[PDB]
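Participant: Below are the structure tokens for one structure; questions will follow.
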Amino acid sequence: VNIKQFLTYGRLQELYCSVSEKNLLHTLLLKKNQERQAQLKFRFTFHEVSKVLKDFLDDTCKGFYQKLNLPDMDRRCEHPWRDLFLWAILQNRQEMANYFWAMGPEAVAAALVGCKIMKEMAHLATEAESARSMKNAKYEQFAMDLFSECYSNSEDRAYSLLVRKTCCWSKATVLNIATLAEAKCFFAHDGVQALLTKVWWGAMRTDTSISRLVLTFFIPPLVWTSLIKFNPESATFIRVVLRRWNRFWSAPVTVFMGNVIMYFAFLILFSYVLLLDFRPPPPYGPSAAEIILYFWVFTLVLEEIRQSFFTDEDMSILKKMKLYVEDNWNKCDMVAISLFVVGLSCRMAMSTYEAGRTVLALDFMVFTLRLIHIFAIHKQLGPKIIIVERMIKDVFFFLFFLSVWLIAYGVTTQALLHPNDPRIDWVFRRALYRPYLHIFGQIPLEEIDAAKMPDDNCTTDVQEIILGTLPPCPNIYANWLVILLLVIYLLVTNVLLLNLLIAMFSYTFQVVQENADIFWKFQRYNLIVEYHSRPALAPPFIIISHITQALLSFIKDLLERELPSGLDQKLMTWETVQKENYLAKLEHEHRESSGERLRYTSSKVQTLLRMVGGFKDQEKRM
Amino acid sequence: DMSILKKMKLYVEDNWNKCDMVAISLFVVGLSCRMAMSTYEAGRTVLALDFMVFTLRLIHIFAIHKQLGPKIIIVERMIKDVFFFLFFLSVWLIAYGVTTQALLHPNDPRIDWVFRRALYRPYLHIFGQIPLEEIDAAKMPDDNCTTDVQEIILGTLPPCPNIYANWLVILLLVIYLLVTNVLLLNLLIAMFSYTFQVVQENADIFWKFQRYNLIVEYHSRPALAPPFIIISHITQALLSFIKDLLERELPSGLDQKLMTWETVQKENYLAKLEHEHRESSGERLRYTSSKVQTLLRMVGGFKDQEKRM
Ligand SMILES: C[C@@H]1CC[C@@]2(OC1)O[C@H]1C[C@H]3[C@@H]4CC=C5C[C@@H](OCC[C@H](CO)CO[C@@H]6O[C@H](CO)[C@@H](O[C@H]7O[C@H](CO)[C@@H](O)[C@H](O)[C@H]7O)[C@H](O)[C@H]6O)CC[C@]5(C)[C@H]4CC[C@]3(C)[C@H]1[C@@H]2C
Ligand SMILES: C[C@@H]1CC[C@@]2(OC1)O[C@H]1C[C@H]3[C@@H]4CC=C5C[C@@H](OCC[C@H](CO)CO[C@@H]6O[C@H](CO)[C@@H](O[C@H]7O[C@H](CO)[C@@H](O)[C@H](O)[C@H]7O)[C@H](O)[C@H]6O)CC[C@]5(C)[C@H]4CC[C@]3(C)[C@H]1[C@@H]2C
Ligand SMILES: C[C@@H]1CC[C@@]2(OC1)O[C@H]1C[C@H]3[C@@H]4CC=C5C[C@@H](O)CC[C@]5(C)[C@H]4CC[C@]3(C)[C@H]1[C@@H]2C
Ligand SMILES: C[C@@H]1CC[C@@]2(OC1)O[C@H]1C[C@H]3[C@@H]4CC=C5C[C@@H](O)CC[C@]5(C)[C@H]4CC[C@]3(C)[C@H]1[C@@H]2C
Ligand SMILES: *[C@@H]1O[C@H](CO)[C@@H](O)[C@H](O)[C@H]1NC(C)=O
Ligand SMILES: *[C@@H]1O[C@H](CO)[C@@H](O)[C@H](O)[C@H]1NC(C)=O
């Protein structure tokens, strides 16, 4: 049976029409069919499956069947194995789909697409058994194992396989599909991380020492010295030195360190303006350093806008806005800039000058917190950031417990000790602020214990208490109860709750660390991709780069590269050969397993026993 | 026999030798400054630092101890987690301290006090030192304070803290205390626990490897501890001018006997490895399957022959 000639577009549509009518794919196709009928032979048309694929992948499945709207039914499919694998995957048939994957030309991309579809369908699954089967698709494992085989074979063709534009998946890079599938375990692979490191260092050698690198960075002229090695490949000499300068300063790592250094400078300038050069309203004028700070923040905003919006030429503005606001750190950035503009506006006035100063003071803290996000790419610190973001949950659990206990204790002691204090602010103080401070060793016995209460000049009149003329006289009716409650609260909080928090942190750290490393690698991919397109000049200078880019656009990628036809075909055949070798190795290792050897031995012993019994009967006859 | 530059590089390679060089440099600088009268206090301060350096060298001295050496290795490993926590705490502390200094003393020109209230106080909040007397308006004493910048700079009167929006300052203090004294400290504790569990076994091996070198080092060391050691040095120099249990050289017969004995032991060890591999469950299963296949085909042929007759 020749799949190339057997599988035509009409036959593929017939296969899609004859679904089991009891699985998810049939329900999705029915919903799409109803939508199409409401908008306006064969039960389901290629429009329905195209819309389902748009729900699942939304970028990869473009032009699979809409290009000719439907193609000729008598025309054979251009990518038969791709369509069969996709079809078998949409209906949770894993054995048939695995077989189709084993025969397809491009297997890493197919496996990543499969794992994406399975993790998308696991949410839509109705039966628990089907959902469990989908959650254990292990298609990402297929891609990881096959790429491990490919990387072990060549390690140079593997990078091209990673960054080539796949023909069967609408010119989508394998890394693009892995990003779409959120295959975190795939990005954690050694080969992908090695390629990302190669991109990270740019033209420089990946083994360049950090000390030598920063030493070269701080004194620019040492770039032309042989202090740092470079990967291979009068006017000519000028061209040579210019190329060396560009190759060093266009590297993502140098861009990142320039951004870090100038962000430190930005924070230092912000603090200086806030603490030493914050002048009266514009009637007396903001300081020159304040104007410089305003321009610096403006350039930071321009860079953020360009990064969020002008990197993708084709995408809905609302979709990009939703994607931008999806991130919590982008929410923090929006909060920072909103605080900056509010503080600037209030500072321009005179009746809201102090409010503007306070808002700017808060904004400094927000930016200093953004510094963590900035260092997220660091190899030693990133996993720690992930781990802390995980421990926040245990922090909240402890917060709930402590809050309940603190409400109880604080309200009880406030009632027992100051029952005649009308001031709401002081009620909240003595009820929540003081019990919170008892956690950190701040136990003011001077107003909880009668033997330690000083002979201050205190009153009991409510009118005098409210006016603040004299401090309220604390009630010492039953102060043994107050002291006992303080002892119990101190015991509970400072021992049970704190040690429980410590134990929860220990257990969570042990459970999380391994997944945190993988998540850091997956995040590092996106951050490096993000630094690839970033202009080489850190703000406030970045305005020069923005102006140059805008002027070039008005007048007129190492990753995700497109290869010639011959090289692409050679790489596809090489990947197919590696897949065949990997499957053969799996089959051989299964055949030499202890269990399979025992099964074969038992079967052959049974056959030998019956044959020997027959032979012995025949021999005994003669 | 070794290059002087090579020996110097090997010596400066060690961090503890760097500490020793720092100690002696501080000693000579302090002695020179103490000989003077205009730098007497500087020399005293440098010698005070040098005492701390020597007391720290005492750890290196006890490195050979069997109970303590692994602990020294483990601590040297935990330094990395200390630095991670230091980075996190430093970022958070810069943010909180600068924000509170801006919110609370916006009119204090003194740079020293700016750095104090921005970094020294927030650092001390970690260790239970929370001076609410100057962060909370209800707890600020009625001290005789001024707002004039000229008077503030001269130090005549303490600056009057700003209480414009002090609820924000108290809330920020509460959040900072929570974060630092709970999340960061317990995260450091958890990191230490995990690192201890991971490291202890390798730390023991590293201690043994270091112990070898330290014992070799004590083999050649003169038996007289300093300041007496000068007698040993003078005696050694005089003996050199006038004129090893480990690394011993053996007679030819004994050396040949030991080589043959080692070869015999190697042969026995390889034979034991081969025997243990041959008696393994997997190899037994493989041999059984192969012999069963051969027996099955042979029995099929024999059964066909018997059925013929
Ligand atoms: C292992 C575990 C640890 C926790 C705990 O269980 C065990 O320990 C238990 C111990 C217990 C406590 C044991 C003892 C007591 C004392 C008792 O008062 C007895 C009554 C007498 C009288 O009526 C009160 O006294 C007097 O009050 C006066 C106030 O008008 C003071 O006048 C002051 O007025 C002004 C104040 O500046 C100044 O002029 C002078 O300073 C001074 O003139 C006197 O000086 C003082 O003498 C109250 C209860 C208390 C605190 C116990 C509480 C519970 C414990 C902590 C247990 C734990 C579970
Ligand atoms: C479970 C969790 C724990 C943490 C937290 O969340 C929950 O707790 C919350 C509780 C909350 C706090 C609740 C209450 C308040 C009070 C509020 O002020 C109300 C406004 C009033 C008025 O405008 C200010 O008051 C008055 O100021 C004056 C200053 O001029 C004082 O004059 C003093 O002047 C001199 C000072 O020596 C001397 O002459 C005398 O000493 C005295 O005359 C008055 O005596 C005092 O009455 C500010 C906010 C604050 C502190 C909250 C902060 C946030 C919390 C800690 C929450 C946590 C997240
Ligand atoms: C962690 C929660 C946050 C929210 C909250 O409870 C803890 O904070 C508390 C702070 C309280 C303030 C503190 C001071 C004053 C000044 C006083 O003249 C009038 C009452 C008022 C505004 C109080 C109203 C009730 C408030 C917001 C409480 C509120 C439930
Ligand atoms: C952990 C880092 C170490 C380095 C550093 O920041 C923390 O230490 C801080 C101590 C500061 C000092 C403290 C006191 C004074 C006295 C004053 O009349 C003039 C300014 C000066 C010298 C300050 C200059 C800036 C200094 C070194 C800061 C410096 C960034
Ligand atoms: C307390 O205040 C009143 C106000 O008149 C005063 O008469 C009395 O002497 C004061 N006592 C002390 C010790 O402050
Ligand atoms: C504060 O200092 C000034 C200086 O003249 C003085 O007049 C005033 O009485 C002082 N007040 C207090 C309570 O120290």
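Protein chains in written order, with the entry's author numbering: chain B, 390 to 429, 446 to 473, 489 to 653, 698 to 1020, 1027 to 1092; chain A, 778 to 1020, 1027 to 1092. We put the CB at the ideal spot given by N, CA and C, even for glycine.
1) Relative to chain A, which residues along the stretch 844–859 of chain B have a C-beta separation below 9 Å, given in chain order?
2) Measure how close the beta-carbons of B:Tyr995 and B:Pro747 come, nearest whole angstrom, since I'm counting them as under 8 Å.
3) Based on Cα-Cα distance, which residue from B:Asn943, B:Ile930 and B:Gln402 lies nearest to B:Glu910?
4) Taking the CB atoms as reference points, tell me whether B:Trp620 and B:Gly846 lie closer together than 9 Å.
5) Can you tell me the Cβ-Cβ gap for B:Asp797 and B:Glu768, rounded? I've got them flagged as a contact below 8 Å.
6) Determine the chain A residues that contact B:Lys1090 at a beta-carbon separation under 7 Å, and present them in chain order.
7) Mind checking whether B:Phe831 and B:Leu991 have CB atoms under 9 Å apart?
8) Output needed in chain order: residues of the stretch 733–751 of chain B with a Cβ under 8 Å from some Cβ in chain A.
9) Measure from the alpha carbon of A:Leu863 to the alpha carbon of each residue in B:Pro744, B:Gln844, B:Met1092 and B:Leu866, then state which is nearest.
10) Of the choices A:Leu962, A:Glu978 and A:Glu1050, whose alpha-carbon is the least far from that of A:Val859?
11) Strictly under 9 Å for the Cβ-Cβ distance: is A:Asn979 near chain B by that measure?
12) Which residues of the stretch 893–912 of chain A have a Cβ closer than 7 Å to any Cβ of chain B? Give them in chain order.
13) Give me the residue from B:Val390, B:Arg1061, B:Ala508 and B:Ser1073 with the minimum Cα distance to residue 729 of chain A.
14) If you drop the 5 nearest sequence neighbours on each side, which residues of the same chain put their C-beta closer than 8 Å to that of A:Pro918?
15) Under 8 Å: does the beta carbon of B:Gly932 sit that close to some heavy atom of ligand 2?
16) Beta carbon of B:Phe892: closer than 8 Å to some heavy atom of ligand 3?
17) May I ask you to list, following chain order, the residues of the stretch 1058–1076 of chain B that have a beta carbon less than 8 Å from some beta carbon of chain A?
18) A:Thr876 CB to nearest chain B CB: under 9 Å?
19) Could you check if B:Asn963 belongs to the surroundings of ligand 7, using beta carbon to heavy atom distance under 8 Å?
20) Is the separation between the beta-carbon of B:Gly722 and that of B:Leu1028 shorter than 9 Å?
21) Is there a C-beta anywhere in chain B that falls below 9 Å from the one on A:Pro886?
22) Taking the alpha-carbon of residue 1096 of chain B as reference, which of B:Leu396, B:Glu1045 and B:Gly749 has the nearest alpha-carbon?
23) Name, please, each residue of chain A whose Cβ falls closer than 9 Å to the Cβ of B:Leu1078.
24) In whole angstroms, what is the alpha-carbon distance linking B:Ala614 and B:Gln561?
25) Could you tell me the alpha carbon to alpha carbon distance between B:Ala752 and B:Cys810, rounded to whole angstroms?
26) Would B:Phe773 pass as a contact of B:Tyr788 if the rule is Cβ separation under 9 Å?
27) Taking only beta-carbon positions, decide if A:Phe986 is within less than 9 Å of chain B.
28) Mind checking who B:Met624 pairs with in its DSSP beta bridge?
29) In terms of alpha-carbon separation, which member of B:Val946, B:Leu835, B:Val719 and B:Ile930 lies closest to B:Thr876?
30) What is the rounded straight-line gap between the Cα of B:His882 and the Cα of B:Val891?
31) Answer with yes or no whether the minimum CB distance from B:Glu928 to chain A is below 9 Å.
32) I need the straight-line Cα distance from B:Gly905 to B:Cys605, nearest angstrom please.
33) Please tell me whether A:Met917 has its Cβ less than 9 Å away from any Cβ of chain B.
34) From the DSSP output, in three-state form, read off B:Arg998 for me.
35) Output needed in chain order: residues of the stretch 808–829 of chain B with a Cβ under 7 Å from some Cβ in chain A.
36) By how many angstroms is the C-alpha of A:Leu1041 removed from the C-alpha of A:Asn1051?
Facilitator: In this structure, then:
1) Cβ contacts with chain A come from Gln844, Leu845, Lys848, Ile849, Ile851, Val852, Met855, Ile856, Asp858 and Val859.
2) In this structure, B:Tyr995 and B:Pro747 do not form a Cβ contact; the two beta carbons are roughly 44 Å apart against a cut-off of 8 Å.
3) When each option's Cα is compared against that of B:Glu910, the closest is B:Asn943.
4) No, they are not a contact pair.
5) Right, the Cβ-Cβ distance comes to about 6 Å (below 8 Å), so this counts as a contact.
6) Counting only Cβ-Cβ distances below 7 Å, B:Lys1090 has no contacts in chain A at all, with the closest Cβ about 11 Å away.
7) Against a cut-off of 9 Å, the Cβ pair of B:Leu991 and B:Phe831 comes out as no contact.
8) Listed in sequence order: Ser735, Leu738, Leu739, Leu740 and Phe742.
9) By alpha-carbon distance to A:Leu863, the top candidate from B:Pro744, B:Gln844, B:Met1092 and B:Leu866 is B:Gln844.
10) In this structure, A:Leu962 is the residue among A:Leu962, A:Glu978 and A:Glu1050 with its C-alpha nearest to the C-alpha of A:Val859.
11) So, not an interface residue.
12) Those residues of the stretch 893–912 of chain A that come within reach of chain B (Cβ to Cβ, closer than 7 Å) are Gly905 and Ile907.
13) Only positions 778 to 1092 of chain A appear in this structure, which leaves residue 729 of chain A out of reach.
14) Around A:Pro918: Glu910.
15) The nearest non-hydrogen atom of ligand 2 is less than 8 Å from the C-beta of B:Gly932.
16) The closest heavy atom of ligand 3 lies less than 8 Å from the beta carbon of B:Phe892.
17) Per Cβ criterion, the list reads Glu1062, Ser1064, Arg1067, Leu1068, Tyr1070, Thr1071, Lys1074 and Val1075.
18) It does; some Cβ of chain B falls within 9 Å.
19) Ligand 7 is absent from the structure shown, which contains only ligand 1, ligand 2, ligand 3, ligand 4, ligand 5 and ligand 6.
20) Result no, Cβ atoms of B:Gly722 and B:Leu1028 do not sit closer than 9 Å.
21) So yes, A:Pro886 belongs to the interface.
22) It is not possible to answer for residue 1096 of chain B, since the shown part of chain B is limited to 390 through 1092.
23) What B:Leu1078 touches in chain A: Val1075, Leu1078, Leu1079, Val1082 and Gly1083.
24) Here the alpha carbons of B:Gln561 and B:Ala614 stand approximately 19 Å from one another.
25) Those two C-alpha atoms are separated by around 18 Å.
26) Yes, these two residues count as a Cβ contact at 9 Å.
27) Chain B, which has no Cβ nearer than 9 Å to the Cβ of A:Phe986, makes this no.
28) Paired residues: B:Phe650.
29) The shortest Cα separation from B:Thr876 among B:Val946, B:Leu835, B:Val719 and B:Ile930 belongs to B:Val946.
30) So the two alpha carbons sit approximately 9 Å from each other.
31) Under the 9 Å criterion on CB atoms, B:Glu928 is classed as non-interfacial with respect to chain A.
32) Between B:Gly905 and B:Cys605, the C-alpha separation is close to 45 Å.
33) The C-beta of A:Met917 comes no closer than 9 Å to any C-beta of chain B.
34) It is coil, neither helix nor strand.
35) Hits within the stretch, in order: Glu818, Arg821, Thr822, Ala825, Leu826, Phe828 and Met829.
36) If I take the Cα positions, the gap works out to 15 Å.
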